[PDB]
Protein chains: 4
Amino acid sequence: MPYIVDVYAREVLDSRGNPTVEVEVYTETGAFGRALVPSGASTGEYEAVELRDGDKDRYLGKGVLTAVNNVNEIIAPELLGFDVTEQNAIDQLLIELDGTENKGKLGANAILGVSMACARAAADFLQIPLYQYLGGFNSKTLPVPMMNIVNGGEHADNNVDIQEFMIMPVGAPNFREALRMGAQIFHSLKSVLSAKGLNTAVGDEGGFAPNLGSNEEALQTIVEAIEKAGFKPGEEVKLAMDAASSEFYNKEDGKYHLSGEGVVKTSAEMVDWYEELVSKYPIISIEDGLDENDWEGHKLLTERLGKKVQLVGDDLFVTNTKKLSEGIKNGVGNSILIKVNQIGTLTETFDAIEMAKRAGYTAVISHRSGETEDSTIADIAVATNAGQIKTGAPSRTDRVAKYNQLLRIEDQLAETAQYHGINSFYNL
Amino acid sequence: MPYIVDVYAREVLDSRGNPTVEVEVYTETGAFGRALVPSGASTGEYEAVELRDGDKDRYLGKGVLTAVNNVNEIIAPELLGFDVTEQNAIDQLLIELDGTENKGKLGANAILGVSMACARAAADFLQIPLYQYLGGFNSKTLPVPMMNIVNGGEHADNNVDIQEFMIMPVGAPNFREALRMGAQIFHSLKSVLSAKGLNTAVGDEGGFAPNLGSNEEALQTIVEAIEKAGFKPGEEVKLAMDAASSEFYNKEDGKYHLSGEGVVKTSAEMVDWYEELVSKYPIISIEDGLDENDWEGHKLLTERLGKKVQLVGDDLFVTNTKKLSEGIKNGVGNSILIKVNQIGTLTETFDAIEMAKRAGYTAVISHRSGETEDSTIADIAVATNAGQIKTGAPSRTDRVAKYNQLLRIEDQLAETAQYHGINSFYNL
Amino acid sequence: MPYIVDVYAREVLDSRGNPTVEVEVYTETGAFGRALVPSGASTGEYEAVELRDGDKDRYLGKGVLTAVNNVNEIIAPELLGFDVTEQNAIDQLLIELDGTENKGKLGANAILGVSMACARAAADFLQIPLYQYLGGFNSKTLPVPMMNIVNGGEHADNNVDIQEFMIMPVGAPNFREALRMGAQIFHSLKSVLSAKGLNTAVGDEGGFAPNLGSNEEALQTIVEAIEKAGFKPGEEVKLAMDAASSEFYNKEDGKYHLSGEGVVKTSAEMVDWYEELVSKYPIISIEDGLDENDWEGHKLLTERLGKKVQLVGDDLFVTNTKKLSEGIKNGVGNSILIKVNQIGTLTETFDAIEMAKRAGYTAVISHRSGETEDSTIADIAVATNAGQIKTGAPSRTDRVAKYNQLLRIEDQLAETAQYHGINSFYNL
Amino acid sequence: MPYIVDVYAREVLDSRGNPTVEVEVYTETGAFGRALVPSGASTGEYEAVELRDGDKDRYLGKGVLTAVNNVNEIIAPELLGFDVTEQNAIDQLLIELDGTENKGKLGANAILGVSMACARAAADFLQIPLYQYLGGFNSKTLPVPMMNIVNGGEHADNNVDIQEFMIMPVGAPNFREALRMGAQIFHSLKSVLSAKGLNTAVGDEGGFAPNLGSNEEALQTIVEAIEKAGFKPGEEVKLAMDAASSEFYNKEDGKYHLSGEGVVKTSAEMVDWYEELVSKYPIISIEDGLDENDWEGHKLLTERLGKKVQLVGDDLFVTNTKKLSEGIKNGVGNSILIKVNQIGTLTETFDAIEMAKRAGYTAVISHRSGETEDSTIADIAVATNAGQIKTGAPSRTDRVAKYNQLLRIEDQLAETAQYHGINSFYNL
């Protein structure tokens, strides 16, 4: 009944028209889970690697037939007859089967697919909500969403260096209202851009990449969008940024080259820069403010800004517990971006989140550029009472599907639902 | 056990960040269906009316709280105890409850949500695939995808008059390859646009709206994109257009005013235009080539081109059987765009498709601008062996969720799955 | 089936021959949970109040007939029909029914009994282990046991001021060996005491209260016992103390009066004392080292020792989140003793543990003086991966019933079971 | 469904911090029984022997790994597929498997573990109370408890020769009230001892071992405790003693050396002594009043005291039917102490009890020094309508767990429950 009778993969498509892995797990009694894997990286020295076929004459090298094959022909035979609820034991088996640090034999994408599909089949088998299967009875807290809204750096063709600007509706009483606020501000910003005669088409995360003149103009416009939606910047809505500073960091001279602003800064000057930005604009969180190897720099930024501003490691930590414990230990950051497919199992994902919490770090549950109709991360956010989530603009179903799943979960929790707004930032 | 114990609506969000209706249905035994409604029009003198709240201070007047209440407080009580497999009866009861021609009392969004939730719950109760529940044992033919790739007219800010340009992979052996072909052509097109220094952010349907100089610069660029993707334009890939000619049609003088083409043409000239467009480019299909009321021109259009070119009525028929029949009787068009939420029930949807078939017309199952993670239309297309579907670029999950469902359907069908390619056009 | 058909209380007896509450819960389908409540305090201005009958002629005023009636005649009728897996909702309903801050109307004993019986019935309904029902899939870490071994202060009639001395087997590879180490050290200690011609009858918690001459004669004797048991003091076994310093704290003069030590010290000197005690003996943890209101001294204590020594608040926080948070904000302590019956519901218990974790504080799951055959706290400790537990000497089934449950839990966990030893102290 | 699919043992801990056997039995349909074995003897010429590992470097030689191994690797394979309800057939198989008189190959502790776990699984499988599975429909009589209260001889360090003094609340209307009486007298005695400045810590059975001056002082103090609890010595509460006279018997000179009283007595003088004690104090029962081999002596004691006082053989009979039939036949004693683990199967235990009854002897169901959270003996007492039970002071859960189980059983029997007080002594 809980025993697995079938594990099955197929190739499907992600939100950007690229192949990805989908996995189905069935028990003897017909309990069913289906999971789809978001896009990752096939290389990267500290993260689980996704396996791609590399056949240039098929999906531009991005096929995942090998990965699908791995699930059907290597992983499946080992799982037949396993108790679908032994999540930890399943994850250890997957890790062992592969036998490498970065899951590069079977593929991070094969492994996560199975890891998630079993969890979903288990929750279906026990007939309980996924967030509750994952988290136990006390999973009840809806996250504050970091909603992508304006794009820069490598994600645009404009004069903005910051890669992303986001809004966080911290002043909402519940998640349902949080979402309406995000959505209204999004439609407000669209009208503001359209008035300036700027492009309002969208990128991967459902946000805009208009041709703004500078970082601060981007910030000013967003604040304007908020006011015109009828909300208060600061009190009701904070900003969040992903600087992706590795992208303008020069490894050669150890400095930051802001083409947008037309200046070159040291790590120390970057910290002065952020401090100024934060005093002018209601920014509550800054992601990858300094290069991924600028350990000395991150230490200074955290010392300077760590108690009034969330400091999120993305490329810094790469969802890697060795990196995380190094930051914790060296007073680096106070928050980690959690990408399930960058670590490769639900078990390892939950251990990572636990380590973050215990150090007083927030764990922000994250989308990837290539997403799918899967909403598992919404359930993960609630299972761990994480408090924050980053899954994009309130546009494109690859993003909005998560938001919808959070509405479902909040509705289902009814009067037990919580939403902590500004107080979700326990790191502050 | 097949009897309905609960019908439940909630407000969720579509792929454009606008609210829409989600409906859930349960039987006594726990059979379950969930449906989401795509974005229809609140007016339009001939199409079923979507009910919007119109509250200026909530979602910019686009809330669906009234429709959601209608489901929960009016429809639900009338459905408890109903055998969930009585789709026809259920649809009749919904229509009768509303009491109006255009479904404006309860809302077409409320009604369709219930109509689809019931069918999805029924397939679940019987434990058969939805396409099979909908169409019986012989549901087996995958649709040729009409994939949006470039936008103009009201859908863009360029010098292009045609509203949308689509590719149709008529030369693929199965849907899976059809889909790969579309994806590879889409990435090729993007590479090309990027080369010309044009914008590659996407619109509502997942396609590009670059600043192209002309209707034919658009067509030429798509041909080039196809060619560079490694496929034969004409033989393996055809083009389809949605002229949306209503937009540039001048009421006062009954002539057509193309800002982009920089001329003005009579109806007879439009046909001359299409004719020449068809002679220069591998265009297999044209949608709304003339005004949604210029019936006489449509009749000339069909006379001139109906034998070798598919002529689709979207705004012309409005998924309305009474309008379709007048089309059929007057020799107008050879194809109809089928929008479930434009009519309001699965029953009426299926009756329009049947009508179309008996007249030698193709029925193209269509998305809306605002979509969801819902993938019912993919099942509807296979259920009816329609042979064609229009659900977007292969980018954005609101579109790709439908393609993925078709992959699952094809995969389940196995050796019995069909794909007719160019032979899908039995109207030609 | 998950719906509750019966909630039933009876009066039973605790390990000290005092009445307490037993609650049973059944679902329609026969899912069953039974819980027994440990001994709390009838007053205490900040802790949930246990309801005692106070009848002079029945059990010396310690009957719980009123609480039992409250369960059977007030709570039960409100719970029939409730989905037994709605722990949060159930806990909320209990709290609301009582209507008071300190649970003094229905009784914390009545409320907790129902709260735990429901969770135990729920795990039974779903047929999953209780720790898993409580904590979700990732519940897997066995606690390092803090085992009572020698008593003083109000808990003895000797010249010892410290209320209790405990051993912690930090050097064991798993819980089973941890437990063996504690047992062997306990028999060794007994052999030693017996050699000195001292008494070896046990107290409420299963430990010895021999007539020792001094705080340090106690510590030295434990070290000797460890040494003679074949283990390394410091490396493999640490010591923990419950100072219960409130007891010898002189209100009138705000100084501390140690009858046994034969001196009187200021707060600054207490810290000096602990500091020196820590320098001479392998003490890893101190509980209630200063008065339950001498917040300022606690703050000095934490300043002086918090970095390398665990500082537990028992009477200081009273398992009260509002008190814990003031501790956290004021840099007071790095650990909290968690007593389920001091707060009154599993929901509130779990929220206090979560709060503690996010601040880098350890949460020690604790017994009461009066225990039962009930072993829920062992499941709670694993459910939360707390890393530590305080449930007594390895003698007396009221204590050993919890150790045995941990052995069963470890055994069930198999290869996925963890034990972190000295690394359990993430607060250090 | 009733067939055994799994028999499983593990090492757990008893109430004194010593290893013991725990056994779990599962049927094909999930019926479940868990039994824990109380401490026994690994040697003794007429009793089943418990198997201990004797590894001096592990639990001081008291491990039971061999015994656990015997269950898992030798006993389990033979029981798979057995009808769990064939108690007699299971017990015969266990006895045969071992093949020795005293169960010393497999261990008395392995065998009893299985024997009891099957019975519990069988009662669970049939969904009936254990006492009812064991005893049939007419099991309804709650026993009078012999509650340990004051300790002497080898169980103390005082001037008392008698090993134990107990109270029996014969005047209570039911068991629930019996227990409250015991408990109040226990708390009363504690205050009395505390007033004399005597130690009130507890030993193995939960009773006190204060430094009293003589046997008769012990008796006088207990009578005082009773009066001060507000009950009548004699009418409402009788005393019971376990002399354990083998402990002061000198095999060499055939006499009894009462160091406490500072006198030496012949068997005949011991009988005069008891007679005097009984005429001064409301003693109703005397256990092992003479040495285990003093057959001639026991005959005289029984002749003298057998019709007004219960005379219990413990070491005399050692739960051995050959010893019992020898006593019955030679007019020795009128009562036998029944220890399940000293005989080794439920079948043999019930046959022993039957033989006692048929001879007009009472069978007193007994605890051991090392106990556990197991309460099977409470159910045995009720299954056989034994009328008396000896499981310790109303303190320590190792004892109180039995008392609690008796409350549960009495509550469940409701109006069919009986309690015979003084009339339980059918031997008198």
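Each value, and the rule that gives it
- Residues numbered from 1 in each chain as written, not as in the entry; some residues may be left out.
- Chains lettered and ligands numbered in written order.
- Part of a larger assembly, values for the part shown.
- Heavy atoms only, no water.
- Least-squares fit on C-alpha atoms.
- Contact = heavy atoms within 4.5 Å.
- Buried area = accessible area lost by both parts, 1.4 Å probe.
- Salt bridge = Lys/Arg side-chain N within 4 Å of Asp/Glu carboxyl O.
- Polar contact = N/O pair within 3.5 Å; in protein donor to acceptor, adjacent residues only side chain to side chain.
- Helix = DSSP H or I, 4+ residues; strand = E, 2+ residues; numbered from the N terminus.
- Nonpolar A, V, L, I, M, F, W, Y, C, P; charged D, E, K, R; others polar.
- Pairing = 2+ DSSP bridges.
- Axes fitted to C-alpha atoms, helices over the stretch in contact; angles between N-to-C directions.
- UniProt positions renumbered as here; feature names shortened; annotations may be inferred.
- Buried < 20%, exposed > 50% of the residue type's maximum accessible area, 1.4 Å probe, protein only.

### Digging into the relation of the copies chain C and chain D
- Of the transformation superimposing chain C on chain D, the axial component is 0.0 Å and the angular component is 180°, with the fit at an RMSD of 0.2 Å. Between the two chains, the operation in question is that of a two-fold axis.
- Here 100% of the contact residues of chain C are again contact residues in chain D; the copies associate through an equivalent surface.

### Focus on the interface of chain C and chain D
- Taken together, the 41 residues of chain C in the interface contact 41 residues of chain D.
- Both sides together, the interface formed by chain C and chain D hides about 3400 Å², and carbon and sulfur atoms give 47% of it.
- Applying the counting rule to chain C against chain D returns eight salt bridges.
- Between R408 of chain C and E22 of chain D there is a salt bridge whose closest N-O contact spans 2.6 Å.
- If you look at where chain C meets chain D, you find 23 residue pairs in polar contact.
- Of all the secondary-structure elements, those providing two or more residues to the side of chain C that touches chain D are β1 (4-13), β3 (32-36), α5 (175-195) and α13 (397-413) of chain C.
- In terms of residue count, the dominant contributor to the side of chain C that touches chain D is α13 of chain C (eight residues).
- Counted by class, the side of chain C that touches chain D contains 15 nonpolar, ten polar and 16 charged residues.

### Overview of the sheet that holds strand β3 (residues 32-36) of chain B
Residue and element names in this part refer to chain B.
- As summarised here, the arrangement of the three strands in space is β1-β2-β3, forming an open sheet in which the pairing is antiparallel. Bordering the open sheet on either side are β1 (4-13) and β3, each of which pairs with just one other strand. Mean inter-strand twist for the sheet, computed between neighbouring axes without regard to direction, equals 15°.
- Of the strand pairs in this sheet, β1 and strand β2 (residues 19-27) are connected by nine bridges, and their pairing is antiparallel.

### Quick word on the interface of chain B and chain A
- Taken together, the contacts link 41 residues of chain B with 41 residues of chain A.
- Of the roughly 3400 Å² buried between chain B and chain A on both sides combined, carbon and sulfur atoms contribute 47%.
- The tally of links between chain B and chain A comes to 23 residue pairs in polar contact.
- Elements represented by at least two residues in the side of chain B that touches chain A include exactly β1, β3, α5 (175-195) and α13 (397-413) of chain B.
- A per-element tally of the side of chain B that touches chain A places α13 of chain B first, with eight residues.
- A breakdown of the residues in the side of chain B that touches chain A according to their chemical character gives 15 nonpolar, ten polar and 16 charged.

### Observations concerning the UniProt feature "active site" in chain A
Residue and element names in this part refer to chain A.
- Per the UniProt annotation, the sites labelled "active site" are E205 and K339.
- On the secondary structure map, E205 appears in the loop between α5 (175-195) and α6 (215-229).
- Judged by relative accessible area, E205 falls into the buried class, the value being 5%.
- When sequence neighbours within four positions are dropped, the list of residues in contact with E205 reads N148, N151, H155, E164, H367, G392, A393, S395, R396 and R399.
- Tracing the backbone shows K339 in the loop between β14 (335-338) and α10 (340-343).
- Given the relative accessible area of 11%, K339 is considered buried.
- Excluding its chain neighbours within four sequence positions, the residues that come into contact with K339 are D314, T319, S366, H367 and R368.

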